[PDB]
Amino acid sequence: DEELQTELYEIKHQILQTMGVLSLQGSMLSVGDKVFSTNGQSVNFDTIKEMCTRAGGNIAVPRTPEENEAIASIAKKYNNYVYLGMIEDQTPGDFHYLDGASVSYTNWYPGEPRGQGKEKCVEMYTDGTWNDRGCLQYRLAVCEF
């Protein structure tokens, strides 16, 4: 109805404001319709997935050049690598999102995937490029909502 249009405006305004506050505080990064955020912790892959899901989100994963630079900037800011939301399929060499879908956008550091042993997980360098690796290292936890 009439009052309906009104209320919707106020709500939109408020959400924008709170999103502005968290942005200014640097506690979140908005890219398109994805929101990236970190609590500053550096734990292993399994642990990170828990944190994100516990918070209502998911371990972060870039699907576009812009989302990738957004996550890299957080990594750069904390001077630590980031574990991305993806693991290697059954047939080595290929990676898939946790939902099971196979990865589309990639940004491997020249030569990767390449490595010592299994290397089923993916870490992001502070420059944004990816490197496959083990899942037991301590990496900055970054989630997407």
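We call the rigid core the largest set of C-alpha positions that still match within 1.5 Å between the two forms. So that there is no doubt, residue numbering starts at 1 and follows the sequence shown.
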### Task
Return whichever of 41-49 or 88-96 has the larger RMS Cα deviation from the displayed form in 4 other deposited structures of this protein, where every structure is aligned on the rigid core.
88-96
### Query
in 4 other deposited structures of this protein, superposed by the rigid core, which stretch departs further from the shown form in CA positions, 5-13 or 117-125?
117-125
### Message
Mean CA temperature factor from the deposited coordinates, higher in 8-16 or in 124-132?
### Response
8-16
### Message
Regarding 63-71 and 79-87, which shows the higher C-alpha temperature factor on average in the entry?
### Response
79-87
#### Entry: Residue of maximum C-alpha B factor among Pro110, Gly57, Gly32, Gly117, per deposited coordinates
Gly117
### Message
Can you tell me which of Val43, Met51, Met28, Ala101 has the maximum CA B-factor listed in the PDB entry?
### Response
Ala101
